[PDB]
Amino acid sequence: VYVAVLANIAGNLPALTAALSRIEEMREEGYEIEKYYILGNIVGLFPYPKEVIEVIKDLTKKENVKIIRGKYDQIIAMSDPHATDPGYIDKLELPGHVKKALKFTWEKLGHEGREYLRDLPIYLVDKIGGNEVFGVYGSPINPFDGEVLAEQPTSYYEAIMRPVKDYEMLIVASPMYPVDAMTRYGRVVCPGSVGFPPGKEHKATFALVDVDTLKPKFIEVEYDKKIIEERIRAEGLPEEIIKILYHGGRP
């Protein structure tokens, strides 16, 4: 019995599709999936924002699913609901290629898609087994702009867990790699990144968390970067997004 924990889809439909199909295969292999946690970014740099949302909505009907929004989702959601274009984004402190990806996302979502992100919770507060879990995109101190690093010593995660020590587990998206850090205050976990490559040769990465022990099993799944590349060019988006696709980046 496990909870499937996914993060940072970032508008990448092929990676999301590959992760969920792998989860279905693993069900056939004796892994019982009680429920799903999906952490932002939900939409972002990659050009399938409406399709990602459709897949999540179907899953939310069929399964027990809890979702929280990430930094890119918030940039879209915070906009005036009556705005006629995504011009407000150019004022923000962001790289040029990121502004263009988010303006594209804003337009392609329409009013219904923007509204869906506005309904997304910031915080995940849940129980698995007898254990209480707290989830946030960035860090406890700063939900959208906070950054928890991967590959740090136990003391690092202990200091982060301390202000949320009421909980048995903290889940964050911002490390972008698998994190599994037992501390005196609880366990800090990052499932990895489904659709936002942090480096080269990225595989869609997520975790199955054991409901009894809270130990994560990290899973990696290949997806086709070819159709994504061809979809970016066909929508007229910066060449820098293709670089991130094959070389990595930080949101």
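Numbers for residues come from their place in the sequence shown, where the first is 1.
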Exercise. Higher average CA B factor in the deposited record is what I'm after, so tell me if that's 218-226 or 187-195.
Key: 218-226
Quiz prompt | Mean C-alpha B-factor comparison - 232-240 and 7-15, higher one | solution = 232-240
Quiz item: Which is it among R162, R118, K71, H82: the one with the largest CA B-factor in the entry?
Solution: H82
Quiz item: Which listed residue, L92, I75, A173, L170, has the largest C-alpha temperature factor in the record?
Solution: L92
Quiz item: Once the chain's modelled residues are ordered by C-alpha B factor and cut into thirds, is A181 in the lowest, middle or highest one?
Solution: middle
Practice problem: Please rank the C-alpha B-factors of the chain's modelled residues and tell me whether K203 sits in the lowest, middle or highest third. | Solution: middle
Quiz item: If you rank every modelled residue in this chain by C-alpha B factor, which third holds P153: lowest, middle or highest?
Solution: middle
Quiz prompt | Entry-reported Cα temperature factor of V52, expressed as the chain third it lands in | solution = middle
Practice problem: Compare the C-alpha B factor of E107 with those of the other modelled residues in its chain, then answer lowest, middle or highest third. | Solution: highest
